[PDB]
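The chain below stands alone and is given as structure tokens, in the form solved without the partner chain.
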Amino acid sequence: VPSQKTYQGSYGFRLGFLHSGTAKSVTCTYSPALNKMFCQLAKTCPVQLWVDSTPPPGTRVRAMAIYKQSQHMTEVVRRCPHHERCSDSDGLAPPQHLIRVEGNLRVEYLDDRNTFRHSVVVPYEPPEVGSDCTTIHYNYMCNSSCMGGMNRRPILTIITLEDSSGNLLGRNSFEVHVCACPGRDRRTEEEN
């Protein structure tokens, strides 16, 4: 089972999210109280990278899903059978992978030859001028409800920072729920 232990490490690595609120129209909204991202099928989910010091050119950013509940943690998070067999592929992403990256021509996907887990990796780039963080636009390609994929089981997204040689630099995670109305779900789940 992949580690989900938070380490900031040498570059002071942590995640941030837009302060998007819960109006009906929002595409994607993070809940600080729940450390949980609410997003829509195949839509833009911006995840921010914040660092105290600049990892060198060659550094890479990996995303992997895992089931949160301990009785499922061993099972590979993958797309439901309906969504594997869509004409929805961008040509770079394997059709079985839940997590894509949008708008990055240097994206790399991995089926682990040993554990069989899926992941998606992009080069690390520093913040643009007049920004203080690096944004990756993720896409989740199934609904939390999909019969036979996740099937309403909670997942975590693990984000790892790694150097050009595979050495781990830092790690963070957040829960994610993929739904029709992210605004609505976040407001409701918070009222507990």
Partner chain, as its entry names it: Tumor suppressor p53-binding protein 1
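Residue numbers count along the first chain shown, from 1.
Q: Do the CA atoms of 79 to 87 or those of 95 to 103 have the higher mean B-factor in the entry?
A: Averaging CA B-factors over each stretch, the winner is 79 to 87.
Q: Going by the average Cα B-factor in the PDB entry, point out whether 23 to 31 or 143 to 151 comes out higher.
A: Between 23 to 31 and 143 to 151, it is 143 to 151.
Q: Between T157, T160, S70, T134, which one tops the list for C-alpha B-factor in the PDB entry?
A: Highest C-alpha B-factor among the listed residues goes to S70.
Q: Within this chain, which third does the Cα B-factor at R113 fall in: lowest, middle or highest?
A: It falls in the top third of the chain.
Q: Classify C39 as lowest, middle or highest third according to the C-alpha B-factor given in the PDB entry, relative to its own chain.
A: Middle third, going by the recorded CA B-factors of the chain.
Q: Would you please rank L15 by its C-alpha temperature factor against the other modelled residues of its chain and give the third it falls in: lowest, middle or highest?
A: Lowest third, going by the recorded CA B-factors of the chain.
Q: Divide the modelled residues of the chain into thirds by Cα B-factor and specify which third, lowest, middle or highest, holds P56.
A: Tercile = highest for this residue's CA B-factor.
Q: Taking the values exactly as deposited, rank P126 by C-alpha B-factor within its chain and report the matching third: lowest, middle or highest.
A: For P126, the deposited C-alpha B-factor lands in the middle third.
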